[PDB]
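Report on the following structure.
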Amino acid sequence: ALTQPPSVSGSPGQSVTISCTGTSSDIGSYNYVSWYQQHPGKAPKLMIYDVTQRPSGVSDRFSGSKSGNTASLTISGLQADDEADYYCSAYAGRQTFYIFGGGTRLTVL
Amino acid sequence: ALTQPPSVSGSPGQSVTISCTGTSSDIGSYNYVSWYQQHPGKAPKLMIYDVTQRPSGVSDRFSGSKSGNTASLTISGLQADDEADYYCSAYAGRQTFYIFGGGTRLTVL
Amino acid sequence: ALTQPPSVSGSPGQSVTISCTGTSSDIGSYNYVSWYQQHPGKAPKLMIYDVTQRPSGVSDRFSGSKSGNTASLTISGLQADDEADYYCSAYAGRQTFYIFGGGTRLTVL
Amino acid sequence: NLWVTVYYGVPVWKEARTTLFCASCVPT
Amino acid sequence: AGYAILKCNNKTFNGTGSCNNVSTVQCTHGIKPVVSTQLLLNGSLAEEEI
Amino acid sequence: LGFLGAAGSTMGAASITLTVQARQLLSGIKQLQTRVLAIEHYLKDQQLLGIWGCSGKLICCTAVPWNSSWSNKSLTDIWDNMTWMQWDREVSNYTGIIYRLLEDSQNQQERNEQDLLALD
Amino acid sequence: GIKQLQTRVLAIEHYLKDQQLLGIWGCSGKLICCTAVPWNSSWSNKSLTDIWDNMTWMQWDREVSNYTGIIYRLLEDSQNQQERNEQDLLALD
Amino acid sequence: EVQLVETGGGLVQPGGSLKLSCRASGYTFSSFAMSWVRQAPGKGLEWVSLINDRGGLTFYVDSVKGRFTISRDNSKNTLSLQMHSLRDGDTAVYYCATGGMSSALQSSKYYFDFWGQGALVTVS
Amino acid sequence: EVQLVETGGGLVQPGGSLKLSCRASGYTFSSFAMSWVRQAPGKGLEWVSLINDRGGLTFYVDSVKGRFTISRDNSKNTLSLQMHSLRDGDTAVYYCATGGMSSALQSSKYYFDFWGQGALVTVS
Amino acid sequence: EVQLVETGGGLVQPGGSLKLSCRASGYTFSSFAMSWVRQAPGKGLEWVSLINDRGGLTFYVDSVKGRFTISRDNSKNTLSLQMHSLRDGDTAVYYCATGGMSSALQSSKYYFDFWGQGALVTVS
Ligand SMILES: *[C@@H]1O[C@H](CO)[C@@H](O)[C@H](O)[C@H]1NC(C)=O
Ligand SMILES: *[C@@H]1O[C@H](CO)[C@@H](O)[C@H](O)[C@H]1NC(C)=O
Ligand SMILES: *[C@@H]1O[C@H](CO)[C@@H](O)[C@H](O)[C@H]1NC(C)=O
Ligand SMILES: *[C@@H]1O[C@H](CO)[C@@H](O)[C@H](O)[C@H]1NC(C)=O
């Protein structure tokens, strides 16, 4: 599937990057990566779609990028309310379709 | 392939069931199961075709059914002349085609 | 891939055969085998193409044949200048395409 | 080893006679 | 539609026989329907000779 | 290029300019009868292509093998050295055999296709 | 007689010219045909939600009309390339 | 504020069948390709199946091919997923999601935009 | 009473070839899709190959693809199977069977209706 | 005497990219389907990729699919191969070869007729 660091941490006000690594057929060939934020309970919310786009309703604190076969989501100026499990996904193809990744428990310090 | 109990037995006059279990692509999806009776030597004879049909020349003593992914042939009022190896088969698809099963040595008691 | 004897030898003036064995999909089905002579360094040169054909510029000292799933190159009247690594290849299909074989270090005695 | 391939639009013609129309009858 | 006019550009063609340098045209040149006996009038001249 | 522009070119350089001699087929009594005749000839050629399984294609590969009695020239003697007019003058007594073989092969392919599509 | 018969023949000719265009493009037998010609932003730079959802076909025709002599040529060239690639793939084996 | 409410779920025994249904409200229904996504307890998200906006095309993850059927009704504004056999590996929270595909006359929606609250499916 | 008589078989050495033939009588020949079925000693039945009623379409079990050729002649009322390489795993009684397919203009015959007496093929 | 001169090659680190190019002279260029072939040190020849005479069709060995791109320019009489990721298993001498395919209007050229001198690709 897609490899994603099990957890990342940092203090309030610092930036953090959550990487996601796939293969050439998944992230490299297709610029259709996306990121979801899932607080315990409730349901995952869309944070980032495409390499650099975000949906309406999400502030510019959340951004991301893609280089080679690695995707990364960057959150600047972390707030206490960001303690959630983040997931990456990408469009693999018309055969395997969407392949998600493990969860990055973000625990702000 | 298809699983079929290696042997079943019973006394004359009793009913016996010979089951045949496949997967969703073999018996579940296709109602084209069939049963053959092979006495030692000679050649297999068709006893049942389709889930509930029998060919002309076979008496109504031989019947069968299908439920889920399991097919079963039922012989009522067993005679001494039924001591034969029974085989199930099913149409898997345009790729794997006919997949038979092991033989059920029926030894009337 | 294709099996090819690691080495064969003989004295000057003798004949030697270099066999190449494939499967039914590689040499048996397709009469498109070929042989190359690679002296250390430089680059491989085409010696035989098709089962029995040779390119212009190659003398009739080099020949070959095909039987069943085995191809063979025969060199008659070996010269000192034939000390080279010989490779077989064959057209497998529109999927696997060209599959070569190991090298037959020919060391004339 | 060789098979029939059908081509449409080849620059091939045969002799024939048709009713060609004037054009002084239709602007040239 | 479906036909072609094959002109002949050999300047010394008589009228019958093989002609090289054949051209394809859609229409002919302007041909005057001149009616004259014994002498051809207002025609096209030969490119090279009689 | 133009109509019949490749008429004098070899058979392998005239198989690229096919969409130019195809479009210029443009498909009182004296003209209308020739418009109807041109339509009939176009439709007969289309019907031939369709019966052969070649509908919608200008270059159509078939399953009929070439019989050496029709022509024994190699590919480098035909595609690279001859024009289409010379080829037509060569294979002309045999078109009533080739066309029949093509329609028979398509009928066999259509029946095999309906049998494969009824398998399941 | 002639007045009507000439328009029946003309309607047939127009139908067959449209069919021939579709055939040369590889679209024979289809009403909705996808091709391999990329869209050039100089022909129209509107997004899909500004064309399919907001405009009618008449407005679109009035927009892309000076460019049909380019698009049609690209379509027939792409089909010629696909036909030669197909005969090369079908002669591979 | 769109609302996806998955009405279904519960407990099944290995070999049984279960149907899930998802009702949508707040937006035009017959314009979005809906999907289902499974979250097993303690694990991440896995895509299960995708259906187009018109319902004619369905796609599944290989692990459920031949067992799950996804269907939608554009007149009732409902989505449903009917599962057969229900193996122990299928125990998960199943989320109703909007997104994953487009009709070719609209921009690419290769992302799951709107999610539901999740139905709980337990196999024992 | 239809009669299928398989005339062939014997002994081969690994790498050899062998042809089997089956003659039919008692019914219209060019209307039934024939097949071959192998029964190794002490084992059950396994399907090997299927040919349509017209002979244009042939199907094989994956384990014999590229080695076995099935052909029929509707003018002689004969079926034949020509095997190459003949591995040790191919030792079996080969039964000639009628059934397995239909022409799409007749009812489904997804069953082997009439069998032969069986040819014995031994590989050593 | 045809001349194929491969101008390129050198050293890369796992994950990098490298382009090779091959210039042809002495024969008509746009009439031969060119290819590339790799010879790892101490090992034999392995085919990598094939391109048709027109450049429209490319074929690759499964082990390099999605990473290598082969392209040709018939106006410059050049062939090029652009490799991405460049794993340690890709270290080899890469030979430029002429042959492997035909245009369907010419005889079969299922052989590599003319070879180059070879570019050396090292991954470390
Ligand atoms: C015209 O035809 C004559 C026939 O003898 C030939 O000699 C002459 O070269 C031709 N002229 C041209 C310009 O081709
Ligand atoms: C006209 O030219 C052709 C060229 O082949 C020749 O055969 C023929 O005799 C000539 N006739 C006259 C009347 O000049
Ligand atoms: C052929 O005819 C064309 C007409 O334009 C002329 O220009 C050309 O010079 C002619 N060639 C010969 C060889 O007569
Ligand atoms: C005509 O033949 C000459 C022979 O040298 C050749 O160069 C030229 O390309 C040919 N022209 C056409 C239009 O085929």
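Just so you know, the protein sequences line up as chains H, C, V, D, P, R, F, Z, G and B, in that order. This note's numbering puts the first residue of the first sequence at 23, with every later residue one more than the last. This note's numbering puts the first residue of the second sequence at 23, with every later residue one more than the last. This note's numbering puts the first residue of the third sequence at 23, with every later residue one more than the last. This note's numbering puts the first residue of the fourth sequence at 150, with every later residue one more than the last. This note's numbering puts the first residue of the fifth sequence at 20, with every later residue one more than the last. This note's numbering puts the first residue of the sixth sequence at 1330, with every later residue one more than the last. This note's numbering puts the first residue of the seventh sequence at 48, with every later residue one more than the last. This note's numbering puts the first residue of the eighth sequence at -13, with every later residue one more than the last. This note's numbering puts the first residue of the ninth sequence at -13, with every later residue one more than the last. This note's numbering puts the first residue of the tenth sequence at -13, with every later residue one more than the last. The beta carbon of each residue, even a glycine, is placed where N, CA and C say it ideally should be.
Residue-chain proximity (residue i, chain P), Cβ-Cβ < 8 angstroms
i	result
R/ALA1367	yes
Closer than 7 angstroms: residue i CB and nearest ligand 3 heavy atom
i	result
P/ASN40	yes
P/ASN28	yes
Simplified DSSP state of residue i, which is helix, strand or coil
i	result
F/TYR119	helix
F/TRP86	coil
P/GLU67	coil
V/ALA112	strand
B/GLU(-8)	strand
Z/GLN25	strand
C/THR43	strand
R/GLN1435	helix
C/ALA93	strand
G/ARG58	strand
B/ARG9	strand
R/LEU1354	helix
V/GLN36	coil
F/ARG131	helix
B/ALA105	strand
V/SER31	strand
N- and C-terminal bounds of the alpha helix (DSSP H) containing residue i
i	result
F/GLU60	49 to 71
R/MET1414	1413 to 1419
residue 43 of chain F	This structure does not reach residue 43 of chain F, given that chain F is present from 48 up to 140, and the question cannot be answered.
8 angstroms Cβ cutoff, residue i in contact with chain F
i	result
B/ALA83	no
R/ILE1345	yes
Contact test: residue i Cβ vs ligand 1 heavy atom, cutoff 7 angstroms
i	result
B/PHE15	no
V/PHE84	no
Beta carbon proximity, residue i to chain H, threshold 8 angstroms
i	result
Z/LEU36	yes
Heavy atom of ligand 4 within 7 angstroms of residue i beta-carbon
i	result
R/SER1384	no
R/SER1344	no
R/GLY1337	yes
Endpoints, the beta strand (DSSP E) within which residue i is located
i	result
Z/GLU32	31 to 37
G/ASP99	98 to 101
P/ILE24	24 to 27
C/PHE122	120 to 122
G/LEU67	64 to 69
R/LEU1347	No beta strand (DSSP E) holds R/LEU1347; DSSP gives it neither H nor E.
Any non-hydrogen atom of ligand 2 within 7 angstroms of residue i CB
i	result
P/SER37	yes
Residue i CB to nearest heavy atom of ligand 5 below 7 angstroms
i	result
P/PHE32	In terms of ligand content, the structure shown lacks ligand 5 and carries ligand 1, ligand 2, ligand 3 and ligand 4 instead.
8 angstroms Cβ cutoff, residue i in contact with chain C
i	result
Z/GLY30	no
G/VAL107	no
CB contact check: residue i to chain R, cutoff 8 angstroms
i	result
P/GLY34	no
G/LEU65	no
B/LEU91	yes
Min CB distance residue i to chain B below 8 angstroms
i	result
V/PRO66	yes
H/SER46	yes
R/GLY1341	yes
Proximity test, Cβ basis, 8 angstroms: residue i and chain Z
i	result
H/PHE84	no
H/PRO62	no
query: Touch check for the segment 37 to 54 of chain V and the segment 82 to 95 of chain V: three-plus C-beta pairs under 8 angstroms?
result: Yes, the segment 37 to 54 of chain V touches the segment 82 to 95 of chain V.
query: Are at least three pairs of beta-carbons, each pair with one atom in the segment 4 to 21 of chain Z and one in the segment 76 to 92 of chain Z, less than 8 angstroms apart?
result: yes
query: Just checking, does the segment 1 to 18 of chain G make contact with the segment 1403 to 1423 of chain R on the three C-beta pairs under 8 angstroms criterion?
result: Proximity of the segment 1 to 18 of chain G to the segment 1403 to 1423 of chain R falls short of the contact definition, fewer than three beta-carbon pairs being nearer than 8 angstroms.
- prompt: Below 8 angstroms, can you find three or more Cβ-Cβ pairs linking the segment -13 to -5 of chain G to the segment 64 to 83 of chain G?
  reply: yes
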